[PDB]
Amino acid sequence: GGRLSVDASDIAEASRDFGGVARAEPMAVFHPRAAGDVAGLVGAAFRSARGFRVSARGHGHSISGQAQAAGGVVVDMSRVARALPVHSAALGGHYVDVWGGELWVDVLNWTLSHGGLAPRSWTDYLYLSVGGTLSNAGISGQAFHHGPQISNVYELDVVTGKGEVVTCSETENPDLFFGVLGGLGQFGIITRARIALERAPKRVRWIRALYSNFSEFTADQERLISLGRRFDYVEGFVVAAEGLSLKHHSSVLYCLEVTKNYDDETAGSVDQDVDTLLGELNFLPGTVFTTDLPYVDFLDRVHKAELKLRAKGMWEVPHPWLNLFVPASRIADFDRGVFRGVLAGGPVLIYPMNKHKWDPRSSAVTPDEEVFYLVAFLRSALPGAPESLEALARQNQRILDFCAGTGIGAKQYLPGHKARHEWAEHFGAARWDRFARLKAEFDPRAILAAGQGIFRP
């Protein structure tokens, strides 16, 4: 049912990503119509003498060529007929079956227009594929409570490295199910994902509050994630005090970002619920900024920033992004060590998560502590300036050197490792053994997601 394409435009797109650095070209781009087509192509690669590389591409949001298939075939998973959301009395809630290449923004519009339902756990940006985020974790402000997107999926259909289609879940082929989740595309291509859904709120009360003290900012973020009244989203950002009294206390400001979701039924209590939660906090008085907007508009906020950047030609620039999971016991050292020390290129995100919401059976790698932070350096290099990218890449290495030199047991999220001993150290002995065993079972020829640079033929 599917077709091989050698169109130079398809080739060029399959040879690039959001990172803007890695440029490994495939021989062809495959456009499947169904799971059977993906299975046929992977089947061909597995049975070939050479054993060519096959990689699924979602929306091409990788930073270092993770979706690239050097001299092989890139499967363009992007998209008729869609499954409707379903209620189950056994699970006590709703779900929806989606194609692995579906963008979260399309999943959202679909579930909202069919029963006013929506996923519970997000990414900050919705123009990402389901297969792509489920191969990593999928994190945003809801993860502290609902867990990442890999903790909100009931079932998958996976095309293995042997071209076999397998239905898997916690009760059916669990080794494959848990291996694939956070598995970096190593054990198969997700063709179907059964996403957990909740009744969607209609509106969002979006709040931002400032702090000049890192100890007070982290203590409040940690208290908020332990919360029965609670915010529905908890994030934060590090900002230079200059780019805005508060300056006399600190040269670095920390912005706390929270939301309170509501609908027709809770609209009467939202204002007081917010006031009660805010009163318990230690943010700077008079620094509260509030916005009231529809749920879709809040979830799509990064796409709005994207459209503005595209107009100025500031979107298709190199993005040397660095994402770290930092144990909460070592977060204080980041303030003078990195935020005031090493530091750039754009926003610096920071927020804690609860490890108990992450299933330890998955392939995802988190620090060995109950509370850990995402610390994301979301830099953009200057357009057409290779030296700007080089200076930012040196800044990222200095951050990694700092973690190593002070014994911070940080773990990279969307890991950019390429050497065997780096991957061994990332996973650790027990997780590395489990990962290698899963590779021998599901992708012995190392056909899939070779751009990750973990295994070789």
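One-based numbering along the sequence shown. Only the largest set of C-alpha atoms that superpose within 1.5 Å between the two forms is called the rigid core.
Superposing on the core and measuring CA offsets in 8 other deposited structures of this protein, the stretch of 265-273 and 328-336 with the greater mean deviation is 328-336. With every structure aligned by its rigid core, 233-241 is the stretch of 108-116 and 233-241 whose CA positions lie farther away in 8 other deposited structures of this protein. Compared with other entries of the same protein, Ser250 falls in the group left without coordinates by at least a third of them, where both flanks are modelled. Where the other entries of this protein model the residues before and after it, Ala344 is dropped from at least a third of them.
In terms of unmodelled positions of the deposited sequence, the stretch from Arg79 to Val80 in this entry skips 4 to 9 residues. The modelled chain breaks after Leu343 and resumes at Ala344, leaving 4 to 9 residues of the deposited sequence without coordinates. As recorded in the PDB entry, 289-297 is the stretch of 176-184 and 289-297 with the greater mean C-alpha temperature factor. Across the two stretches, 319-327 and 300-308, the PDB entry reports the greater mean Cα temperature factor for 300-308. Across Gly313, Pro367, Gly100, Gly138, the greatest Cα temperature factor reported in the deposited entry is at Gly313. Reading the B-factor column for the CA atoms of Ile195, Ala376, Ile189, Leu284 in the entry, the top value corresponds to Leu284. In the deposited entry, the Cα temperature factor of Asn354 places it in the lowest third of its chain's modelled residues.
In the deposited entry, the Cα temperature factor of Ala241 sits in the top third of values across the chain's modelled residues. In the PDB entry, a CA B factor belonging to the middle third of its chain's modelled residues is recorded for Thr160. When the modelled residues of the chain are ordered by C-alpha B-factor, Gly337 sits in the middle third. In this PDB entry, the Cα temperature factor of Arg47 sits in the top third of its chain's modelled residues, the highest group.
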